[PDB]
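Residue numbers (the deposited numbering), protein chains in the order written: chain b, 25 to 103; chain f, 25 to 103; chain i, 17 to 118; chain e, 112 to 130, 137 to 170, 174 to 226; chain d, 37 to 129.
The block underneath contains the structure these notes are about, expressed in structure tokens.
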Amino acid sequence: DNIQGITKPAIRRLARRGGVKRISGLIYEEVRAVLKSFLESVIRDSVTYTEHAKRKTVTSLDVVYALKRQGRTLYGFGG
Amino acid sequence: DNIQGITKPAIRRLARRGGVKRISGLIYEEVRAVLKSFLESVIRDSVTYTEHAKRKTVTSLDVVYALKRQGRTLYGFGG
Amino acid sequence: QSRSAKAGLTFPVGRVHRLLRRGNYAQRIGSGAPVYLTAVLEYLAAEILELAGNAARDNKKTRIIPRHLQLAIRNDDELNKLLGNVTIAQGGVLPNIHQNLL
Amino acid sequence: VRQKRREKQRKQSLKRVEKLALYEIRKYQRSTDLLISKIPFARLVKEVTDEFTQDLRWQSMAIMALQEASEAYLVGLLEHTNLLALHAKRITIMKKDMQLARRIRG
Amino acid sequence: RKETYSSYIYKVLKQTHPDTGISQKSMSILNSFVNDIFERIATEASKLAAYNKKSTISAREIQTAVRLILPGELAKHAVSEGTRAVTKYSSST
DNA sequence: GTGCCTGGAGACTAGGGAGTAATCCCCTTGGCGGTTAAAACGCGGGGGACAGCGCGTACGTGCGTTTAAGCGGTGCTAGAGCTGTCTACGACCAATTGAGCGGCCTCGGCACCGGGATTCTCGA
DNA sequence: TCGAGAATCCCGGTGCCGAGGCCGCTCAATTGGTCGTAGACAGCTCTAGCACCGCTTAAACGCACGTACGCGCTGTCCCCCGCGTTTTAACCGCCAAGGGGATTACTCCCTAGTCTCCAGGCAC
């Protein structure tokens, strides 16, 4: 069981980091749901990248190119 | 003035296209301002395209290329 | 004997291979590549023309208008994933009054 | 002047034959054509191009594509602000409703 | 005189649904759409070719690009159509 | 600081783009009339925006407890390069053909226009 | 009451401009012998993730005060809105000048290829 890898005070401290003070109880489960729907496309795109690389280990440059294709470019892990 | 050429019933019919029941009297000036801002943001690129090309006609190809550069691409006028 | 008549293709596979060659994209293009490009463009064209034919069928007009193509591209979640950002000229918008105003 | 006679005949035909706000929403949602008056919009985009110009010409189809793209962007922003307006328990929209969608899009 | 898909669009329209007519602006919209998705798959195939040391664009590069861009049902039907046409091409020269 | 391997720097010879003559030439920019559907001024209003109250509950906050879980080690395990070695492998210029554009001519449902049958008024 | 004649409902004829088809054609699509060059496999190592747990260890689970405020009701208050009325410039047609877009191409000039010599650049 790894669907509860994140915990409720972690989302609470992330809300204090952003500026959300008062949090509802459904917000943590909706955050887990939007994390589920958010990571899936980029990770399956990295699986397509690794299939293009015809190997087993997912390399970091494939992750950077997948996040560049999705529109979520990250700086510091390639180039 | 040409910024007030899009009058009040024009924005009223636009809102009725967009499904509004009742509208306020503070909408129209901000609609005209954001329309002027969007027109400036697309026209600057659309005229740098025609200024590079040794031309003075702002061609439909230039405006569809400037629209494709800024995300919102149109279909039917090239490309 | 063209490369299109070697597989029953209709989209111009030799012209598409020419635009891939002299088109500032890459260096080499394999022989199995532009037939597959012709295949996927033919599948997309067949999908959008079948959707336009259905849109012309249920709207009692025997021709294809951009409103039919707009209702084709906007009433499908796979087409909203593919081309949910571009627009169609004189296509109009989606008629959908929200439930709170109703 | 046979074109003028045909135009007068068509104008006479339109003058004789062709000639609770809930109806206009469902009416203007099935319309396909443009909705902004043409030559004042052309004068406006001529004034906008005067800021970043030189006698720069203008094709008519380019101004048509500009009018279509601007109408599409405006109805997109308006359809997105209607949801935030009704979310704040406002059937009547306000300028504060077209501030968050102008803010969180960028 | 520009290389337009218009006759090919009318040809592939006449095979499955010949009863529907086609206008000019809608046909130009179709041509611009197929050119847009063509250049998108072209730059994605060139990008994936320049990624991992394969300058030759084979069927592998463009099938990875089709699996990359399209959704799951669309990529499944597209890879089915592509495998069908590449068998029909490599069989009949 | 010290350093050797290698992309960087660069002139000479084929060989393909640049902008200046040249001329159509089509699209446009500018203005005159009309007429008309749309823009604007105003006026009563009523329905929707807005302030305030009732409340209760559920999260702000704190406390006992478990509960993985983090930091550090290290073998187990199995996935990522690199130099040889050989095979495919996609392009180059040229004769022949081709198939979609330039401009032309033919249908066909939609809107306008006239008769056959029916109904209304008067006359015979 | 008969009958002839005028009005109208419904059926049949005809412009008409956009969809469909077509002859002429002319710079690209096909195939080809060749040819420098990508590239796919393999020994071989080396190196990064995984499991167990040695040893600690803050942190979440969950229950209990308590009060801030989300939702709903009640009253307020006024601002766009339907509507009428007056104005006004948009659209259309048309007259007119002309100005950059498009097409042709040549010396020249800047680049692909070529070999030759040297100063950058992360590793020790």
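Beta carbons: idealized from backbone N, C-alpha and C, even for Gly.
**Request:** Please classify d/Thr92: does DSSP put it in a helix, a strand, or coil?
**Result:** As a working mapping, residue 92 of chain d is identified with position 56 in the fifth sequence. In this structure, d/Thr92 counts as strand in the three-state DSSP scheme.
**Asked** Taking Cβ to Cβ, would you say i/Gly24 is nearer than 8 Å to d/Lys50?
**Response** Stepping through the third sequence from its first residue, residue 24 of chain i is reached at position 8. Stepping through the fifth sequence from its first residue, residue 50 of chain d is reached at position 14. Cβ distance not < 8 Å, so i/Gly24 and d/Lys50 don't count as in contact.
**f/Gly100 classed as buried or exposed, judged by whether at least 16 other C-beta atoms fall within 10 angstroms** = The sequence position of residue 100 of chain f within the second sequence is 76, counting from 1. By the neighbour-count rule (16 or more Cβ atoms within 10 Å), f/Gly100 is buried.
**Message:** For a test of the three-state rule: what should DSSP assign to i/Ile80, helix, strand or coil?
**Reply:** Here the question's residue 80 of chain i lines up with position 64 in the third sequence. Note: i/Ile80 maps to strand in three-state DSSP.
**Request:** For d/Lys61, go through chain f and note every residue whose CB falls closer than 9 Å to its CB, in chain order.
**Result:** Residue numbering aside, residue 61 of chain d sits at position 25 when the fifth sequence is read from its first letter. Correct list: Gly100.
**Prompt:** What residues in the segment 101 to 123 of chain d bring their beta carbon closer than 8 Å to a beta carbon of chain b?
**Reply:** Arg103 and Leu104
**Request:** Using a Cβ-Cβ cut-off of 8 Å, state whether e/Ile211 counts as contacting chain f.
**Result:** In the fourth sequence, counting from the first residue as 1, residue 211 of chain e sits at position 91. Yes - at least one Cβ of chain f is within 8 Å of the one on e/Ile211.
**Prompt:** Do the CB positions of f/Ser70 and f/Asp86 come within less than 8 Å of each other?
**Reply:** Walking along the second sequence from the start, residue 70 of chain f turns up at place 46. Walking along the second sequence from the start, residue 86 of chain f turns up at place 62. Result yes, Cβ atoms of f/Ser70 and f/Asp86 sit closer than 8 Å.
**Prompt:** Apart from the five residues on each side of it in sequence, which residues of its chain come closer than 7 Å, Cβ to Cβ, to b/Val58?
**Reply:** Looking up residue 58 of chain b in the first sequence gives position 34. Around b/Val58: no qualifying Cβ.
**Message:** Please report the straight-line C-alpha distance between f/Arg96 and i/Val102, rounded to a whole angstrom.
**Reply:** Mapped onto the second sequence, residue 96 of chain f falls at position 72. Mapped onto the third sequence, residue 102 of chain i falls at position 86. Rounded to whole angstroms, f/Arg96 to i/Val102 spans 5 Å at the Cα level.
**Request:** Just mark b/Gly49 as buried or exposed, buried being the case when its beta carbon has 16 or more other beta carbons within 10 Å.
**Result:** Working through the first sequence from its first residue, we reach residue 49 of chain b at position 25. Counting Cβ neighbours within 10 Å, b/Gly49 comes out exposed, since fewer than 16 surround it.
**Prompt:** My guess is that i/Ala71 and d/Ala95 are in contact by the Cβ rule of under 8 Å, so how many angstroms apart are they, rounded?
**Reply:** The sequence position of residue 71 of chain i within the third sequence is 55, counting from 1. The sequence position of residue 95 of chain d within the fifth sequence is 59, counting from 1. With 8 Å as the limit, i/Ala71 and d/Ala95 do not qualify as a contact, their Cβ atoms being about 33 Å apart.
**Asked** Between f/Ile30 and e/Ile156, is the Cβ-Cβ spacing less than 8 Å?
**Response** To locate residue 30 of chain f, count along the second sequence from 1; it is residue 6. To locate residue 156 of chain e, count along the fourth sequence from 1; it is residue 39. Against a cut-off of 8 Å, the Cβ pair of e/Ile156 and f/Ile30 comes out as no contact.
**Asked** What do you reckon, are the CB atoms on i/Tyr41 and d/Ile98 nearer than 8 Å?
**Response** Here residue 41 of chain i is taken as the residue at index 25 of the third sequence, counted from 1. Here residue 98 of chain d is taken as the residue at index 62 of the fifth sequence, counted from 1. Against a cut-off of 8 Å, the Cβ pair of d/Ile98 and i/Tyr41 comes out as no contact.
**Request:** Would you please state the rounded distance, in angstroms, between the beta carbons of i/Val56 and d/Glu117? I believe it to be under 8 Å.
**Result:** Here residue 56 of chain i corresponds to residue number 40 of the third sequence, with the count starting at 1. Here residue 117 of chain d corresponds to residue number 81 of the fifth sequence, with the count starting at 1. 7 Å between Cβ atoms; contact.
**Asked** Leaving out five residues before and five after b/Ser84 in sequence, what residues of the same chain have Cβ atoms less than 8 Å from its Cβ?
**Response** In the first sequence, counting from the first residue as 1, residue 84 of chain b sits at position 60. Contacts found: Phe101 and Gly102.
**Request:** For d/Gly57, write down the residues that DSSP places opposite it in a beta bridge.
**Result:** Along the fifth sequence, read from residue 1 onward, the residue named residue 57 of chain d stands at position 21. BP columns for d/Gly57 point to i/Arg79.
**chain f contacts made by the segment 214 to 225 of chain e, where a contact means CB separation under 8 Å** = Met214, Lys215, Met218 and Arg222
**Proximity to b/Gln94 [Cα-Cα], best of i/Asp93, i/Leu98, i/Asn75 and i/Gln86** = For the purposes of this step, residue 94 of chain b is identified with residue 70 of the first sequence, where counting begins at 1. Looking at the Cα atoms, i/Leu98 is the closest of the given residues.
**Prompt:** Looking at the unbroken alpha helix (DSSP H) that takes in e/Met184, where does it start and where does it end?
**Reply:** Within the fourth sequence, the letter at position 64 stands for residue 184 of chain e. Unbroken alpha helix (DSSP H) run through e/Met184: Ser180 to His207.
**Asked** Between which two residues does the alpha helix (DSSP H) containing e/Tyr145 stretch?
**Response** Here residue 145 of chain e corresponds to residue number 28 of the fourth sequence, with the count starting at 1. Unbroken run through e/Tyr145: none, as it is neither H nor E.
**Message:** What does the alpha-carbon distance come out to for the pair i/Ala62 and d/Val48?
**Reply:** The residue given as residue 62 of chain i occupies position 46 in the third sequence. The residue given as residue 48 of chain d occupies position 12 in the fifth sequence. Each residue's alpha carbon lies about 7 Å from the other.
**Item:** Own chain residues within Cβ distance below 6 Å of i/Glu58, not counting five before or after
**Value:** Sequence index remark: in the third sequence, residue 58 of chain i carries index 42 (1-based). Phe27, listed in sequence order.
**Prompt:** So, using beta-carbon positions, are e/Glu188 and f/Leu98 closer together than 8 Å?
**Reply:** Position 68 of the fourth sequence, counted from the start, is the residue given in the question as residue 188 of chain e. Position 74 of the second sequence, counted from the start, is the residue given in the question as residue 98 of chain f. Going by C-beta atoms, e/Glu188 is nearer than 8 Å to f/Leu98.
**Request:** Return the residue from the list e/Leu197, e/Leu206, e/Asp167 and e/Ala208 that minimises the CA-CA distance to e/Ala221.
**Result:** Taking the first residue of the fourth sequence as 1, we reach residue 221 of chain e at position 101. Per the Cα distances, e/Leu197.
**Counterpart residues of f/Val82 in DSSP-defined beta bridges** = As a first step, residue 82 of chain f must be located in the second sequence, where it is residue number 58. f/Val82 pairs with e/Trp178.
**Asked** Is the distance from the Cβ of d/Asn88 to the Cβ of b/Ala90 below 8 Å?
**Response** Position 52 of the fifth sequence, counted from the first residue, corresponds to residue 88 of chain d. Position 66 of the first sequence, counted from the first residue, corresponds to residue 90 of chain b. Their beta carbons are not under 8 Å apart, which means d/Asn88 does not touch b/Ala90 by this criterion.
**Asked** Taking the DSSP output, what are the residues bridged to e/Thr212?
**Response** Looking up residue 212 of chain e in the fourth sequence gives position 92. Looking at the DSSP assignment, e/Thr212 forms a beta bridge with f/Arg46.
**Request:** Could you tell me whether the segment 101 to 118 of chain i touches the segment 60 to 74 of chain d, using the rule of 3 or more Cβ pairs below 8 Å?
**Result:** yes
**Request:** Measure from the C-beta of i/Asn101 to each C-beta in chain f and report whether the shortest distance is under 8 Å.
**Result:** Here residue 101 of chain i refers to the residue found at position 85 when the third sequence is read from its first residue. For i/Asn101, the answer is yes, since a Cβ of chain f falls inside 8 Å of its Cβ.
**Request:** Check distances from the C-beta atoms of the segment 86 to 97 of chain f to those of chain d and list, in chain order, the residues that come in under 9 Å.
**Result:** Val88, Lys92 and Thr97
**Item:** Length-filtered (4 minimum) alpha helix (DSSP H) runs lying within the segment 19 to 44 of chain i
**Value:** 29 to 37
**Item:** Closer than 8 Å to chain i by CB, f/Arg41
**Value:** Position 17 of the second sequence, counted from the first residue, corresponds to residue 41 of chain f. So yes, f/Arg41 belongs to the interface.
**Residue range of the alpha helix (DSSP H) that includes d/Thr119** = Counted from its first residue, the fifth sequence places residue 119 of chain d at position 83. Where d/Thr119 is concerned, the enclosing alpha helix (DSSP H) stretches over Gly108 to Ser127.
**Prompt:** What span of residues does the alpha helix (DSSP H) with i/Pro50 cover, start to end?
**Reply:** Stepping through the third sequence from its first residue, residue 50 of chain i is reached at position 34. Segment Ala49 to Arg73, the alpha helix (DSSP H) holding i/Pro50.
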